[PDB]
Amino acid sequence: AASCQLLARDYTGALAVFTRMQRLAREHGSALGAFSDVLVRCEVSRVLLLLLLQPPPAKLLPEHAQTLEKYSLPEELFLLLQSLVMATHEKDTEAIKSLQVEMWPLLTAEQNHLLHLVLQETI
Amino acid sequence: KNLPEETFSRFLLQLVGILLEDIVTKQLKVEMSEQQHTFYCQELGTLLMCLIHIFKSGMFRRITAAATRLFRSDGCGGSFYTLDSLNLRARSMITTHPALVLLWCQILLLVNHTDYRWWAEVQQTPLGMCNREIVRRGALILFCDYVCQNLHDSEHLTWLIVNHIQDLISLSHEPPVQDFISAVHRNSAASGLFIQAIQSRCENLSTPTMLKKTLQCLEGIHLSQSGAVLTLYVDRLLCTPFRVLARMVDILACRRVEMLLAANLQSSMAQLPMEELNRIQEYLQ
């Protein structure tokens, strides 16, 4: 259901369906297995949306507040995602260009679509 | 006149010699079975656990001193399995059985036999074979834990840091190589040699997982060598495009300046030179 709304260009309705996947695995998974791979896909793709559309503190939930303090899941890909939330808060045009070159094999091409639309809306 | 020290130590080092002329030099489907080869290489696995209990637990005092005058010694005109003959069998055990060439690494350290001919083949001192990196990274976690115990010998400190640089850092989540580094932070002259090595190996320390393990090892070093960690934090590693690797080398370079001025102003100026301080600030403007 998250692969539909990014074809349908519903990037704000796409934040509603990613916080519902993560609220069940802390009730059912804590992670196991089958539920351990559902939580890798949902904390790499809720970070590429809050820089795409950067919500105001009224409509920023207490679940969205927790994940952005940790940055400002594999050890290869956990290190390049703390570095990308910093640059768009510093508006660093040279920092964002060398990371898509070095995060293209890491993601899959559903997560490769959300990183393309951030680098344009900051440049 | 054979000592009782001498009778029981020729029986356990020449029974390592019977099990290793077979597994190398016997055919695998001709003379033995495969169910009979699950249990033939598994009797060499619990007889090398019996020899590292006698040399470590200290209750067996007389048996430890007997092997050291034997591995240093030649065979009796060729009447025994001498120590250079026994070690040719084990490097062709590298590849078929890599879990049992990590148990033969910890015996040769324990006898005072740190001979740099055998220790270079197992660590490759200047695609890949998949069954050697268990032994190459396995004999360098075991060669540090021998250095950490008796760190008074400085000949073994200056070898492993100058040569193995990209391997010494990339293991730093391990309990025998986590203890090798803290003693280097304790030692005055041993800390200064670790920092000359990274400046030669900055070309490989650029991938995002290899640079997170340097800052946990360049975190706290000696205060007499905090003037060489501040020219490395500015010239080489700060220009990385990773914005949480440019943010975490701001925590470590501001902290060197603060402990130095509450310290003596005499020893710190000879540490960070007045001619060398003017080179750093032209790079930033």
Cβ-placed point charges (K, R +1; D, E -1), dipole of the protein assembly as shown about Cα centre in debye, nearest 20: 480
Proximal charge balance of residue B:19 [Cβ under 13 Å; K/R count +1, D/E count -1]: -1
Ranking of B:80, B:194 by count of other Cβ atoms within 10 Å, fewest first: B:80, B:194
Karplus-derived HN-Hα couplings along the range B:172-185 (A = 6.51, B = -1.76, C = 1.60, θ = phi - 60°), whole Hz, x at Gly and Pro: 6, 9, 10, x, x, 9, 6, 8, 6, 8, 5, 6, 5, 5
Debye-sum result for the protein assembly as shown in log10 I(q)/I(0), which assumes one identical scatterer on each alpha carbon, at q = 0.09, 0.12, 0.14 Å⁻¹: -0.81, -1.08, -1.21
Derived scalar couplings ³J(HN,Hα) [the range A:101-110; Karplus, 6.51 cos²θ - 1.76 cosθ + 1.60; whole Hz; x for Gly, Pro]: 4, 10, 10, 6, x, 7, 7, 8, 7, 7
Ranked B:219, A:69, criterion: other C-beta atoms within 10 Å, fewest first: A:69, B:219
Distance cut-off 20 Å, percentage of C-alpha pairs in the range A:41-105 lying past it: 26
Stokes-Einstein translational diffusion, the range B:111-209 - Kirkwood Rh over all Cα pairs, 1.002 mPa s, 20 °C, in µm²/s: 149
26 Å Cα-Cα reach of residue A:97 towards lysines, excluding residues that sit fewer than 8 places from it in its own chain: A:70, B:212, B:213
Estimated inter-spin distance, residue B:186 and residue B:213, nm [label 7 Å along Cα→Cβ]: 2.4
Helical mean residue ellipticity (222 nm; -39500 (n - 2.57) per DSSP H run of 4+; nearest 500) of chain B: -7000 deg cm²/dmol
Net dipole in debye of chain A [+1 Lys, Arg Cβ; -1 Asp, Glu Cβ; about Cα centre; nearest 20]: 400
Whole-Hz ³J(HN,Hα) from phi, Karplus 6.51 cos²θ - 1.76 cosθ + 1.60, for the range B:7-17, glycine and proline x: 7, 8, 9, 8, 8, 9, 9, 10, 9, 5, x
Sorted by Cβ neighbour density within 10 Å, fewest at the top, the residues B:118, A:104, B:104, B:159: A:104, B:159, B:118, B:104
Cα principal axis extents for the range B:188-236, largest first, Å: 30, 18, 18
Principal axes of chain A: Cα extent on each, largest first, Å: 42, 33, 29
Whole-Å distance, taken between Cα centres, linking the range B:148-189 and the range B:87-137: 19
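Nearest 20 debye, what's the magnitude of the dipole of chain B about its Cα centre given +1 on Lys and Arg Cβ and -1 on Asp and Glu Cβ?
Result for chain B is approximately 260 debye, rounded to the nearest 20.
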Positive-end extreme of charge dipole, the protein assembly as shown - chosen from B:51, A:54, B:225 (charges on Cβ): B:51
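Values quoted throughout were computed directly from the atomic coordinates according to the rules given, and no laboratory measurement underlies them. Every residue, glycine among them, receives a Cβ derived from its backbone with ideal geometry; neighbour counts consider all protein chains shown.
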